[PDB]
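Next up is one chain by itself, shown in structure tokens, the form deposited in one PDB entry.
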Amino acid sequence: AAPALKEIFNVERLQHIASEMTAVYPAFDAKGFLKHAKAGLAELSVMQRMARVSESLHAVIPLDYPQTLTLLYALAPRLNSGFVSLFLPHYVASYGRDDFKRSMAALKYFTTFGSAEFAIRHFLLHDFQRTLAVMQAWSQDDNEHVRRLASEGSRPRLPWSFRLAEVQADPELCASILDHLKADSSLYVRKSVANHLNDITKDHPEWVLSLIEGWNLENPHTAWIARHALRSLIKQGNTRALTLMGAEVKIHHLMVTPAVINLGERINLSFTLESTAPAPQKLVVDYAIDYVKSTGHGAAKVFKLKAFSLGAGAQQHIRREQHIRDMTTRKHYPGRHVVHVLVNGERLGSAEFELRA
């Protein structure tokens, strides 16, 4: 069992920060800084501690914003950890809102030592159009860290940050940023593009599908981004997504018994596949349940049935029992559960069962 993550900002590390700060700034009020930062340290969460380091430095350094930035630039390469150095972008977000230009410059430099993904989002919150333009430039920088910030900082649903409602509502705003990055060599950037697109599929699935259906997947970097961008839709058995990742059959007697169950009971899916081809076919056969979720909407999950060869004009009966019970990773909600049968990524039929209260 690992130590809680707030212990990254423990007193040892505060002392490390004050030591390095004194090396960069001999007149540094190290004692005042440690006193400020330790007050109530125990009851502070990990992100509260990152902020405290920034506030404690600001409270004891008697220099102005540019002069402090000079010391902070020298401090950055001396910190052990990229996580620890989140307080440097945080410092910009706290104290750089009167000097936009210098702040952008400072974020662009600080992000290479850790990440300005959290700090840029305050600027996107309260100064969106100006900040978005900076990022569009950052998406064409030579530094993969800067390019990555362009993608990561503007995500609709960044973990450990508030959602960007403006971005979440309109995927056209950040579209050109992602377009400039859709063939990036950097794995670090490519993850960010994909995770950003994944976020978009939570609210504009059809928009993402069309974008990627316009892409040249001959390019391996682009292909990588597409697979991981579409990963949620894939797991839902989205037909268009499955086509993007890569059958002469008919189906008989598709059914789900019983038609109504209580939680804890079993269902049984069955059908017969028949080939209409003159030669054997490699088939991948899956099914998806539109599970009823908290909202009362459906969210589809795909299970594997069978991957096999069906001879010319042949038949294969398929049967699967599933135990419908609440588990650690899935809670069930009552209502109508549609069940689709997929053959080679195409929906071939649907049945349903009802799960009651």
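Only the largest set of C-alpha atoms that superpose within 1.5 Å between the two forms is called the rigid core. One rule holds for the numbers: they count along the sequence shown, beginning at 1. Only residues modelled in both forms are compared.
According to the record, the deposited sequence contains 4 to 9 residues between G246 and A247 that were left without coordinates.
Relative to its counterpart among 94-102 and 224-232, 94-102 has the higher mean temperature factor, C-alpha atoms as listed in the PDB entry. Here 5-13 and 333-341 are compared by their mean Cα B-factor, and 333-341 comes out higher. Between the residues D199, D179, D184, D286, the entry's highest C-alpha temperature factor is the one at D179. Across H122, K250, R130, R240, the entry's maximum B-factor at the CA atom is seen for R130. Among the modelled residues of the chain, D64 sits in the middle third by CA temperature factor in this PDB entry. Ranked against the other modelled residues of its chain, the C-alpha B-factor of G114 as given in the entry falls in the lowest third. In the deposited entry, the Cα temperature factor of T328 sits in the top third of values across the chain's modelled residues. When the CA B factors of the chain's modelled residues are split into thirds, the value for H204 lands in the middle one. Placement of the Cα temperature factor of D29 within the chain: middle third of the modelled residues, per the deposited record.
The same protein has a further form, the form deposited in another entry, not shown here; the description that follows concerns it.
Relative to the superposed rigid core, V338 undergoes a CA displacement of at least 2 Å between this form and the one not shown. Once both forms are fitted on their core, the CA shift for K101 between this form and the one not shown remains under 2 Å. Core-aligned CA deviation for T112 between this form and the one not shown: less than 2 Å. The pair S350 and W207 separates in the other form: their C-alpha atoms are at least 3 Å more distant from each other than in the form depicted.
The distance between the CA atoms of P205 and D290 is at least 3 Å longer in the other form than in the form shown here. When the two forms are overlaid on the core, a lone consecutive residue run of 3+ whose CA positions all differ by 2 Å or more between this form and the one not shown maps to 247-357.
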